[PDB]
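model_16.txt (compact mmCIF, C-alpha atoms and all ligand atoms)
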# COMPACT_ATOMS: atom_id res chain seq x y z
CA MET V 1 -25.02 -15.82 43.07
CA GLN V 2 -21.97 -15.10 40.93
CA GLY V 3 -19.31 -17.78 41.06
CA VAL V 4 -16.10 -19.15 39.59
CA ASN V 5 -15.50 -22.82 38.81
CA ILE V 6 -12.26 -24.44 37.62
CA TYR V 7 -12.07 -27.69 35.64
CA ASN V 8 -8.95 -29.53 34.49
CA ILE V 9 -9.87 -31.37 31.29
CA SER V 10 -7.56 -33.95 29.70
CA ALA V 11 -7.70 -34.45 25.93
CA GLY V 12 -10.43 -36.95 25.08
CA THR V 13 -12.53 -36.36 28.18
CA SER V 14 -15.55 -34.33 29.23
CA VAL V 15 -16.63 -32.73 32.50
CA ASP V 16 -20.00 -31.97 34.08
CA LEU V 17 -20.28 -28.41 35.39
CA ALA V 18 -21.19 -27.68 39.01
CA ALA V 19 -23.04 -24.58 37.81
CA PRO V 20 -24.53 -24.41 34.29
CA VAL V 21 -23.59 -21.69 31.81
CA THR V 22 -26.52 -19.62 30.59
CA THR V 23 -27.15 -16.27 28.91
CA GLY V 24 -24.72 -13.67 30.19
CA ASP V 25 -22.22 -16.23 31.46
CA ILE V 26 -18.66 -16.94 30.35
CA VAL V 27 -16.50 -20.01 29.71
CA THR V 28 -12.77 -19.79 29.00
CA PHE V 29 -10.41 -22.61 28.05
CA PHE V 30 -6.75 -22.13 28.92
CA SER V 31 -3.97 -24.02 27.16
CA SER V 32 -0.41 -24.07 28.51
CA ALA V 33 0.92 -24.69 25.02
CA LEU V 34 0.30 -23.75 21.39
CA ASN V 35 1.39 -26.20 18.69
CA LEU V 36 0.54 -24.68 15.31
CA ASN V 37 2.80 -27.17 13.52
CA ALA V 38 1.32 -30.33 15.05
CA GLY V 39 0.49 -31.86 11.68
CA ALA V 40 -2.84 -32.71 10.05
CA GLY V 41 -5.91 -33.37 12.17
CA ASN V 42 -8.07 -36.47 11.70
CA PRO V 43 -9.72 -34.27 10.45
CA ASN V 44 -9.69 -32.11 13.61
CA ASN V 45 -6.50 -31.35 15.55
CA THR V 46 -8.44 -30.01 18.52
CA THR V 47 -12.11 -29.60 19.45
CA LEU V 48 -13.80 -27.83 22.34
CA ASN V 49 -17.44 -28.53 23.10
CA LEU V 50 -20.31 -27.07 25.10
CA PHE V 51 -23.10 -29.57 25.77
CA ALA V 52 -26.66 -29.00 26.93
CA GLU V 53 -28.26 -31.29 29.51
CA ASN V 54 -29.99 -33.35 26.82
CA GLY V 55 -26.55 -34.02 25.35
CA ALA V 56 -26.77 -31.68 22.37
CA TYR V 57 -23.60 -30.08 21.00
CA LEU V 58 -24.54 -26.41 21.53
CA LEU V 59 -21.16 -25.24 20.35
CA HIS V 60 -18.48 -27.31 18.65
CA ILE V 61 -15.18 -25.49 18.00
CA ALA V 62 -12.82 -27.43 15.74
CA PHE V 63 -9.30 -26.47 14.67
CA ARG V 64 -7.80 -27.93 11.49
CA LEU V 65 -4.21 -27.08 10.63
CA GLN V 66 -4.19 -28.90 7.28
CA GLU V 67 -7.24 -26.94 6.12
CA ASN V 68 -6.08 -23.85 7.98
CA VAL V 69 -9.54 -23.14 9.34
CA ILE V 70 -11.55 -23.01 12.56
CA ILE V 71 -14.97 -24.66 12.41
CA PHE V 72 -18.05 -23.81 14.46
CA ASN V 73 -21.08 -26.09 14.39
CA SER V 74 -23.85 -27.69 16.43
CA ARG V 75 -25.74 -31.00 16.42
CA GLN V 76 -28.06 -33.30 18.32
CA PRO V 77 -26.26 -36.35 19.88
CA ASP V 78 -28.00 -38.80 17.55
CA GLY V 79 -28.34 -36.39 14.63
CA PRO V 80 -26.28 -35.00 11.71
CA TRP V 81 -23.92 -32.05 11.98
CA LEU V 82 -25.74 -28.84 11.13
CA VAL V 83 -24.62 -25.87 9.04
CA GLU V 84 -20.87 -25.34 9.38
CA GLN V 85 -19.42 -21.86 9.92
CA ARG V 86 -15.75 -21.37 9.01
CA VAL V 87 -13.05 -18.83 9.80
CA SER V 88 -9.74 -19.13 7.93
CA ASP V 89 -6.16 -18.55 9.08
CA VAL V 90 -5.62 -20.37 12.37
CA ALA V 91 -2.29 -18.68 13.18
CA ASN V 92 -3.71 -15.18 12.70
CA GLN V 93 -6.28 -15.78 15.43
CA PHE V 94 -3.55 -16.68 17.95
CA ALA V 95 -1.15 -14.01 16.66
CA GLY V 96 0.52 -11.94 19.36
CA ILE V 97 0.90 -14.69 21.97
CA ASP V 98 3.13 -17.77 21.79
CA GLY V 99 3.49 -20.86 23.97
CA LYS V 100 -0.05 -20.65 25.36
CA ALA V 101 -3.55 -19.56 24.43
CA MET V 102 -7.06 -18.98 25.70
CA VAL V 103 -10.45 -19.44 24.07
CA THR V 104 -13.37 -17.55 25.55
CA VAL V 105 -17.04 -18.15 24.83
CA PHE V 106 -19.65 -15.58 25.80
CA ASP V 107 -23.21 -16.88 25.88
CA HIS V 108 -25.35 -14.02 24.57
CA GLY V 109 -28.55 -16.05 24.40
CA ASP V 110 -29.08 -15.88 20.64
CA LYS V 111 -25.39 -16.14 19.79
CA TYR V 112 -22.06 -17.39 21.07
CA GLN V 113 -19.21 -14.89 20.88
CA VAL V 114 -15.92 -16.76 20.53
CA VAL V 115 -12.70 -14.94 21.38
CA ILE V 116 -9.21 -16.32 20.94
CA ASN V 117 -6.94 -14.40 23.31
CA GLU V 118 -8.10 -10.81 22.69
CA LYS V 119 -9.57 -11.28 19.21
CA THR V 120 -13.23 -11.99 18.55
CA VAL V 121 -13.18 -14.69 15.89
CA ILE V 122 -16.93 -15.00 15.36
CA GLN V 123 -20.40 -14.04 16.60
CA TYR V 124 -21.95 -17.47 16.13
CA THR V 125 -25.72 -17.50 15.67
CA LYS V 126 -26.99 -20.48 17.63
CA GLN V 127 -28.42 -23.45 15.76
CA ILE V 128 -29.43 -25.09 19.05
CA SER V 129 -30.23 -23.25 22.27
CA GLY V 130 -30.26 -24.09 25.96
CA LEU V 131 -28.07 -24.19 29.06
CA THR V 132 -24.54 -25.56 28.88
CA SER V 133 -24.09 -28.24 31.54
CA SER V 134 -21.03 -30.12 30.27
CA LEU V 135 -17.73 -29.46 28.45
CA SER V 136 -15.23 -31.53 26.46
CA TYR V 137 -11.80 -31.15 24.86
CA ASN V 138 -10.98 -33.74 22.19
CA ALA V 139 -7.59 -34.42 20.63
CA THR V 140 -4.71 -36.89 20.41
CA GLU V 141 -1.44 -36.50 22.34
CA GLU V 142 0.35 -36.01 19.03
CA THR V 143 -1.73 -33.61 16.93
CA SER V 144 -3.51 -31.24 19.34
CA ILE V 145 -2.68 -27.54 19.03
CA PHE V 146 -3.17 -27.27 22.80
CA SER V 147 -1.57 -28.77 25.90
CA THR V 148 -2.52 -32.28 27.02
CA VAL V 149 -4.63 -30.78 29.79
CA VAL V 150 -6.72 -27.66 29.29
CA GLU V 151 -8.21 -25.71 32.19
CA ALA V 152 -11.80 -24.52 31.82
CA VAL V 153 -12.91 -21.59 33.94
CA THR V 154 -16.56 -20.59 34.14
CA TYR V 155 -18.11 -17.36 35.39
CA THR V 156 -21.78 -17.95 36.15
CA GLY V 157 -24.78 -16.29 37.79
CA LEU V 158 -23.77 -13.03 36.12
CA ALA V 159 -27.08 -11.76 34.72
CA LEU V 160 -29.10 -9.68 37.18
CA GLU V 161 -32.84 -9.30 37.72
CA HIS V 162 -33.56 -5.65 38.51
CA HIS V 163 -36.99 -4.98 40.00
CA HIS V 164 -38.56 -1.52 39.85
CA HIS V 165 -41.52 -0.49 41.99
CA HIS V 166 -43.63 2.48 40.87
CA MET R 1 -19.45 -4.89 23.51
CA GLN R 2 -17.97 -7.86 25.38
CA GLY R 3 -14.20 -8.12 25.14
CA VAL R 4 -11.16 -9.87 26.57
CA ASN R 5 -7.94 -8.05 27.37
CA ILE R 6 -4.77 -9.74 28.56
CA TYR R 7 -2.02 -8.11 30.61
CA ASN R 8 1.24 -9.53 31.90
CA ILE R 9 2.17 -7.65 35.05
CA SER R 10 5.67 -8.16 36.44
CA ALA R 11 6.05 -7.84 40.21
CA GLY R 12 6.30 -4.22 41.29
CA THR R 13 4.68 -2.75 38.18
CA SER R 14 1.28 -1.44 37.11
CA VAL R 15 -0.64 -1.32 33.84
CA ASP R 16 -3.30 0.92 32.32
CA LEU R 17 -6.40 -0.87 31.09
CA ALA R 18 -7.28 -0.56 27.40
CA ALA R 19 -10.88 -1.16 28.45
CA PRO R 20 -11.93 0.09 31.90
CA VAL R 21 -13.45 -2.27 34.44
CA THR R 22 -16.87 -1.08 35.56
CA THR R 23 -20.03 -2.49 37.11
CA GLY R 24 -20.72 -6.00 35.85
CA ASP R 25 -17.13 -6.52 34.72
CA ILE R 26 -14.59 -9.10 35.88
CA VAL R 27 -10.83 -9.25 36.34
CA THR R 28 -8.89 -12.41 37.15
CA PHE R 29 -5.22 -12.47 38.14
CA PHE R 30 -3.40 -15.69 37.25
CA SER R 31 -0.28 -16.87 39.08
CA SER R 32 1.87 -19.75 37.80
CA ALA R 33 3.19 -20.30 41.31
CA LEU R 34 1.94 -20.46 44.90
CA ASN R 35 4.69 -19.76 47.43
CA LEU R 36 3.28 -20.17 50.94
CA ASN R 37 6.81 -20.36 52.33
CA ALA R 38 7.95 -17.09 50.74
CA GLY R 39 8.84 -15.85 54.19
CA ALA R 40 8.13 -12.44 55.67
CA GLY R 41 6.34 -9.56 54.00
CA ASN R 42 7.09 -6.00 55.10
CA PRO R 43 4.30 -6.35 56.05
CA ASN R 44 2.84 -7.31 52.67
CA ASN R 45 4.09 -10.31 50.72
CA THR R 46 1.93 -9.49 47.73
CA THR R 47 -0.66 -6.85 46.85
CA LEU R 48 -3.14 -6.79 43.98
CA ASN R 49 -4.74 -3.42 43.27
CA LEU R 50 -7.57 -1.89 41.23
CA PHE R 51 -6.91 1.83 40.70
CA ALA R 52 -9.26 4.67 39.82
CA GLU R 53 -8.21 7.29 37.26
CA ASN R 54 -7.04 9.61 40.05
CA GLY R 55 -4.81 6.91 41.55
CA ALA R 56 -7.23 5.96 44.31
CA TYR R 57 -6.98 2.41 45.62
CA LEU R 58 -10.52 1.26 44.78
CA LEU R 59 -9.55 -2.19 46.01
CA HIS R 60 -6.31 -3.16 47.75
CA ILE R 61 -5.76 -6.88 48.31
CA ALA R 62 -2.79 -7.61 50.56
CA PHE R 63 -1.51 -11.09 51.38
CA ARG R 64 0.49 -11.50 54.60
CA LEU R 65 2.00 -14.88 55.47
CA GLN R 66 3.50 -14.03 58.89
CA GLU R 67 0.33 -12.25 60.00
CA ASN R 68 -1.59 -15.07 58.28
CA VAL R 69 -4.24 -12.82 56.79
CA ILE R 70 -5.57 -11.41 53.53
CA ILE R 71 -6.51 -7.76 53.88
CA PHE R 72 -9.01 -5.80 51.80
CA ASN R 73 -9.04 -2.01 51.92
CA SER R 74 -9.34 1.24 49.95
CA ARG R 75 -8.06 4.82 50.13
CA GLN R 76 -7.85 8.06 48.18
CA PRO R 77 -4.48 9.02 46.66
CA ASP R 78 -3.87 11.64 49.37
CA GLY R 79 -6.02 10.00 52.01
CA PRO R 80 -5.49 7.60 54.90
CA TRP R 81 -6.12 3.89 54.59
CA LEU R 82 -9.75 3.21 55.43
CA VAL R 83 -11.43 0.31 57.23
CA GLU R 84 -9.69 -3.02 56.65
CA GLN R 85 -11.73 -6.17 56.08
CA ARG R 86 -9.73 -9.26 57.03
CA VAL R 87 -9.80 -12.94 56.17
CA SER R 88 -7.60 -15.13 58.36
CA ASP R 89 -5.63 -18.18 57.22
CA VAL R 90 -4.01 -17.50 53.85
CA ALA R 91 -3.24 -21.14 53.10
CA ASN R 92 -6.84 -22.20 53.74
CA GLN R 93 -8.13 -19.83 51.08
CA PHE R 94 -5.92 -21.44 48.40
CA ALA R 95 -6.39 -25.05 49.57
CA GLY R 96 -7.28 -27.54 46.84
CA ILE R 97 -4.97 -26.06 44.21
CA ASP R 98 -1.17 -26.27 44.42
CA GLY R 99 1.63 -24.85 42.28
CA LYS R 100 -0.56 -22.02 40.99
CA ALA R 101 -3.39 -19.69 41.95
CA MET R 102 -6.23 -17.56 40.64
CA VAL R 103 -7.78 -14.40 42.14
CA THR R 104 -10.98 -13.05 40.62
CA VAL R 105 -12.61 -9.73 41.38
CA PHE R 106 -16.19 -9.00 40.32
CA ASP R 107 -17.24 -5.35 40.22
CA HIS R 108 -20.86 -5.50 41.35
CA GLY R 109 -21.27 -1.73 41.49
CA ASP R 110 -21.94 -1.51 45.22
CA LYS R 111 -19.44 -4.21 46.20
CA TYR R 112 -16.40 -6.14 45.00
CA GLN R 113 -16.65 -9.93 45.18
CA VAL R 114 -13.23 -11.51 45.59
CA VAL R 115 -12.82 -15.20 44.78
CA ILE R 116 -9.65 -17.20 45.31
CA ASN R 117 -9.72 -20.06 42.83
CA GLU R 118 -13.33 -21.23 43.33
CA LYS R 119 -13.81 -19.89 46.86
CA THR R 120 -15.60 -16.59 47.41
CA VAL R 121 -13.67 -15.10 50.32
CA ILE R 122 -15.45 -11.77 50.63
CA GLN R 123 -18.30 -9.59 49.41
CA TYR R 124 -16.44 -6.33 49.98
CA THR R 125 -18.78 -3.36 50.32
CA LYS R 126 -17.06 -0.50 48.51
CA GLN R 127 -15.50 2.33 50.49
CA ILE R 128 -14.77 4.25 47.28
CA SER R 129 -16.69 4.01 44.01
CA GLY R 130 -15.74 4.59 40.39
CA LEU R 131 -14.32 2.81 37.37
CA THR R 132 -11.03 0.91 37.42
CA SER R 133 -8.55 2.31 34.90
CA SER R 134 -5.37 0.48 35.93
CA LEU R 135 -4.14 -2.54 37.88
CA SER R 136 -0.96 -3.42 39.73
CA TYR R 137 0.82 -6.41 41.25
CA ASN R 138 3.38 -5.43 43.86
CA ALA R 139 5.92 -7.70 45.53
CA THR R 140 9.53 -8.86 45.28
CA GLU R 141 10.68 -12.16 43.81
CA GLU R 142 12.01 -12.78 47.31
CA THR R 143 8.75 -12.70 49.27
CA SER R 144 5.85 -12.83 46.81
CA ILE R 145 3.33 -15.65 47.13
CA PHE R 146 2.81 -15.46 43.37
CA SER R 147 4.99 -15.91 40.28
CA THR R 148 7.30 -13.12 39.08
CA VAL R 149 4.75 -12.33 36.38
CA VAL R 150 1.02 -12.42 37.00
CA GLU R 151 -1.37 -12.55 34.05
CA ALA R 152 -4.43 -10.35 34.48
CA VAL R 153 -7.42 -11.00 32.25
CA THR R 154 -10.33 -8.60 32.15
CA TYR R 155 -13.78 -9.38 30.81
CA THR R 156 -15.50 -6.09 29.99
CA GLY R 157 -18.73 -4.78 28.48
CA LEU R 158 -20.49 -7.55 30.42
CA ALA R 159 -23.38 -5.91 32.29
CA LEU R 160 -26.61 -7.83 31.63
CA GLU R 161 -29.79 -6.70 33.38
CA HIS R 162 -33.38 -7.86 33.03
CA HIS R 163 -35.66 -5.09 34.26
CA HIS R 164 -38.95 -5.89 35.99
CA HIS R 165 -41.52 -3.18 36.73
CA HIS R 166 -44.34 -3.21 39.30
CA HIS R 167 -47.09 -0.76 40.22
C1 LIG K 201 -13.41 -36.50 6.98
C2 LIG K 201 -13.90 -35.22 6.74
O1 LIG K 201 -13.15 -34.32 6.06
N1 LIG K 201 -15.09 -34.87 7.21
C3 LIG K 201 -15.64 -33.52 7.02
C4 LIG K 201 -16.44 -33.47 5.71
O2 LIG K 201 -17.49 -34.44 5.77
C5 LIG K 201 -18.04 -34.65 4.46
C6 LIG K 201 -19.48 -34.14 4.43
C7 LIG K 201 -18.03 -36.15 4.19
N2 LIG K 201 -18.88 -36.83 5.18
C8 LIG K 201 -16.60 -36.68 4.30
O3 LIG K 201 -15.74 -36.12 3.59
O4 LIG K 201 -16.40 -37.62 5.10
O5 LIG K 201 -16.98 -32.15 5.54
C9 LIG K 201 -17.91 -31.83 6.58
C10 LIG K 201 -18.50 -30.44 6.32
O6 LIG K 201 -19.17 -30.43 5.06
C11 LIG K 201 -17.22 -31.84 7.94
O7 LIG K 201 -16.24 -30.79 8.00
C12 LIG K 201 -16.56 -33.20 8.20
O8 LIG K 201 -15.79 -33.22 9.40
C13 LIG K 201 -16.64 -33.26 10.56
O9 LIG K 201 -16.98 -31.92 10.93
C14 LIG K 201 -17.79 -31.88 12.11
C15 LIG K 201 -18.19 -30.44 12.41
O10 LIG K 201 -18.86 -29.89 11.26
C16 LIG K 201 -16.98 -32.43 13.29
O11 LIG K 201 -15.78 -31.66 13.44
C17 LIG K 201 -16.60 -33.89 13.00
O12 LIG K 201 -15.76 -34.38 14.05
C18 LIG K 201 -15.84 -33.94 11.67
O13 LIG K 201 -15.56 -35.29 11.32
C1 LIG K 202 3.90 -1.53 58.96
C2 LIG K 202 2.71 -2.21 59.19
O1 LIG K 202 2.71 -3.57 59.31
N1 LIG K 202 1.57 -1.53 59.27
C3 LIG K 202 0.26 -2.18 59.47
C4 LIG K 202 -0.19 -1.93 60.92
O2 LIG K 202 -0.06 -0.54 61.24
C5 LIG K 202 -0.03 -0.39 62.67
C6 LIG K 202 -1.26 0.41 63.13
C7 LIG K 202 1.25 0.34 63.07
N2 LIG K 202 1.33 1.62 62.36
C8 LIG K 202 2.46 -0.52 62.70
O3 LIG K 202 2.53 -1.66 63.22
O4 LIG K 202 3.29 -0.02 61.91
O5 LIG K 202 -1.54 -2.35 61.12
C9 LIG K 202 -2.45 -1.63 60.27
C10 LIG K 202 -3.89 -2.05 60.60
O6 LIG K 202 -4.17 -1.72 61.96
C11 LIG K 202 -2.15 -1.93 58.80
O7 LIG K 202 -2.36 -3.32 58.55
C12 LIG K 202 -0.71 -1.54 58.48
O8 LIG K 202 -0.30 -1.99 57.18
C13 LIG K 202 -0.82 -1.18 56.11
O9 LIG K 202 -2.06 -1.76 55.66
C14 LIG K 202 -2.56 -1.11 54.49
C15 LIG K 202 -3.93 -1.68 54.13
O10 LIG K 202 -4.85 -1.43 55.20
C16 LIG K 202 -1.58 -1.31 53.33
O11 LIG K 202 -1.39 -2.71 53.12
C17 LIG K 202 -0.25 -0.66 53.69
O12 LIG K 202 0.71 -0.93 52.67
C18 LIG K 202 0.24 -1.26 55.01
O13 LIG K 202 1.44 -0.60 55.44

Have the structure of the file written as structure tokens, please.
Amino acid sequence: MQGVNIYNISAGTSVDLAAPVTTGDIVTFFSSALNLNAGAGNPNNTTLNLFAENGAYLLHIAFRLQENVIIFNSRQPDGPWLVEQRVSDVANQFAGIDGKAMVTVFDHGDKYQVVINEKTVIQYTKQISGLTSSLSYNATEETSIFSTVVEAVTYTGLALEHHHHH
Amino acid sequence: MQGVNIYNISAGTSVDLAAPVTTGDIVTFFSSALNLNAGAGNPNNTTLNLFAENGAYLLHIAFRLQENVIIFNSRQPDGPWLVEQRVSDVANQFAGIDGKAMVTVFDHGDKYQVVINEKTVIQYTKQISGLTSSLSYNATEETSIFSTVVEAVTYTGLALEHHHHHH
């Protein structure tokens, strides 16, 4: 069954999903603010995470104003960060909309399509696979590029099994 | 391919979609306000609409506070309104979330699933089929249950099917 779930996530906290996100599903983070002059991160200004049941970081999205780049990576909870993917020019990805922003993640099975507002920033080839069962938004009150509380909206149960009888 | 399009629809206006909404696609209307004391509609307080290229109301969602009901219907541009599907108790459908609201419509090909926030309020069997080429949000600042501007976000190019054959 297709469904919509809404989660208010405060900076520095995580949430367990009522319905997991799998291939064909969508997850969008909504920020009621956009602070592109928040100062240097430590090293990250803001991070958004998709966790698998086992605790693995399936997708780690990190924004760094001082390096002017958006990082995408994965890792096991007790392991080292894997191969970092980078996309430069943070402001250009949010260009067109001020005072708010949205980050959408499409789970395509083999890759994660990340879209900031209307722009696809990267087709991220997965380094770790599995179902997303938890989300987190990490940042300090002072240096986050997003609002203190971000709202995560998930669209699940989207893929359909179509049986054909001959 | 999959894409996100954002539209900011002021009350009483409509917008053409850059990417049409078809089977497997999703549209969510976001309101920064929830005015359950907006007063009397005439008879509608607010309407959210998915239009076909010929102007047909593929899906008409009308919120009525005084009649305490959310109506779902369809009709051709030059045709009469068809069979209404009703959901009583407007407030109850939005319960749990205050100061704002979210209305999502899934185009499942044969039906339209309408969800208010996290609550699926109806699996509306289509009365008219076709792709959605435009959307509208109609109301007056005076009696709308939503904010003056409603943000509509469409997720398109979504369709994902796994085919299974038997003989
Ligand atoms: C402090 C710092 O700049 N750490 C980043 C840096 O780490 C190198 C390898 C070294 N350990 C150090 O300088 O401390 O460079 C790596 C990439 O080579 C990485 O960006 C380090 O930041 C970490 O990045 C991961 C995601 O890849 C997470 O964002 C961590 O929170 C972050 O510390
Ligand atoms: C004016 C009005 O409230 N009309 C609604 C009412 O019509 C009855 C039959 C009668 N003509 C009248 O009281 O004026 O009841 C019908 C359903 O029986 C319907 O809700 C009428 O409202 C119309 O509903 C359609 C959707 O079905 C649209 O919302 C129209 O804008 C609206 O006028």

### Task
Identify every residue of chain R that has at least one atom within 8 Å of any atom of chain V, counting all atoms listed in the file, and report the result as a VMD selection string.
chain R and resid 2 to 6 24 115 117 to 120 158 to 167

Please tabulate, as a Markdown table, the residues of chain R that come within 12 Å of ligand LIG 202 (chain K), each with its closest pair of atoms and the distance in Å to one decimal, counting only C-alpha atoms and all ligand atoms and ordering rows by chain, then residue number upward.
| residue | atom | partner | partner_atom | distance |
| --- | --- | --- | --- | --- |
| R:40 | CA | K:LIG202 | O1 | 11.0 |
| R:41 | CA | K:LIG202 | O1 | 8.8 |
| R:42 | CA | K:LIG202 | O1 | 6.5 |
| R:43 | CA | K:LIG202 | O1 | 4.6 |
| R:44 | CA | K:LIG202 | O11 | 6.3 |
| R:45 | CA | K:LIG202 | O11 | 9.7 |
| R:46 | CA | K:LIG202 | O11 | 9.3 |
| R:47 | CA | K:LIG202 | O11 | 7.5 |
| R:48 | CA | K:LIG202 | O11 | 10.2 |
| R:49 | CA | K:LIG202 | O11 | 10.4 |
| R:57 | CA | K:LIG202 | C15 | 9.9 |
| R:58 | CA | K:LIG202 | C15 | 11.8 |
| R:59 | CA | K:LIG202 | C15 | 9.9 |
| R:60 | CA | K:LIG202 | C15 | 7.0 |
| R:61 | CA | K:LIG202 | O11 | 7.7 |
| R:62 | CA | K:LIG202 | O11 | 5.7 |
| R:63 | CA | K:LIG202 | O11 | 8.6 |
| R:64 | CA | K:LIG202 | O11 | 9.1 |
| R:65 | CA | K:LIG202 | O1 | 12.0 |
| R:66 | CA | K:LIG202 | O1 | 10.5 |
| R:67 | CA | K:LIG202 | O1 | 9.0 |
| R:68 | CA | K:LIG202 | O7 | 11.8 |
| R:69 | CA | K:LIG202 | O7 | 9.8 |
| R:70 | CA | K:LIG202 | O11 | 9.7 |
| R:71 | CA | K:LIG202 | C15 | 6.6 |
| R:72 | CA | K:LIG202 | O10 | 6.9 |
| R:73 | CA | K:LIG202 | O10 | 5.4 |
| R:74 | CA | K:LIG202 | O10 | 7.4 |
| R:75 | CA | K:LIG202 | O10 | 8.7 |
| R:79 | CA | K:LIG202 | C14 | 11.9 |
| R:80 | CA | K:LIG202 | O10 | 9.1 |
| R:81 | CA | K:LIG202 | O10 | 5.5 |
| R:82 | CA | K:LIG202 | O10 | 6.8 |
| R:83 | CA | K:LIG202 | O10 | 7.1 |
| R:84 | CA | K:LIG202 | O10 | 5.3 |
| R:85 | CA | K:LIG202 | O10 | 8.4 |
| R:86 | CA | K:LIG202 | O10 | 9.4 |
| R:138 | CA | K:LIG202 | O12 | 10.2 |
| R:139 | CA | K:LIG202 | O12 | 11.1 |

### Query
Rounded to one decimal in Å, what is the spacing between CA of residue 100 (chain R) and CA of residue 49 (chain V)?
25.4 Å

### Surroundings of ligand LIG 201 (chain K) up to 12 Å, based on only C-alpha atoms and all ligand atoms, as a VMD selection string
chain V and resid 40 to 49 57 to 64 66 to 67 69 to 76 79 to 86 137 to 139

### Task
Just give me the gap between CA of residue 156 (chain V) and CA of residue 21 (chain V) in Å, one decimal is fine.
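About the pair CA of residue 156 (chain V) and CA of residue 21 (chain V): they are 6.0 Å apart.
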
### Message
Using all atoms listed in the file, can you tell me which of R:143, R:28, R:156, R:92 comes closest to residue 7 (chain R)?
### Response
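Going through R:143, R:28, R:156, R:92 one by one, the smallest distance to residue 7 (chain R) is for R:28.
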
### Computed interatomic separation between CA of residue 152 (chain V) and CA of residue 7 (chain V) (Å)
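Interatomic distance, CA of residue 152 (chain V) to CA of residue 7 (chain V): 5.0 Å.
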
### Query
So which one's closest to residue 155 (chain R), R:130, R:20, R:109, R:99? Using all atoms listed in the file, please.
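Looking only at the distances to residue 155 (chain R), the closest residue turns out to be R:20.
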
Quick one: 5 Å padding each side, axis-aligned, all listed atoms of region 81-87 of chain V - centre and edge lengths in Å to one decimal, as JSON?
{"center_x": -19.4, "center_y": -25.4, "center_z": 10.5, "size_x": 22.7, "size_y": 23.2, "size_z": 13.0}
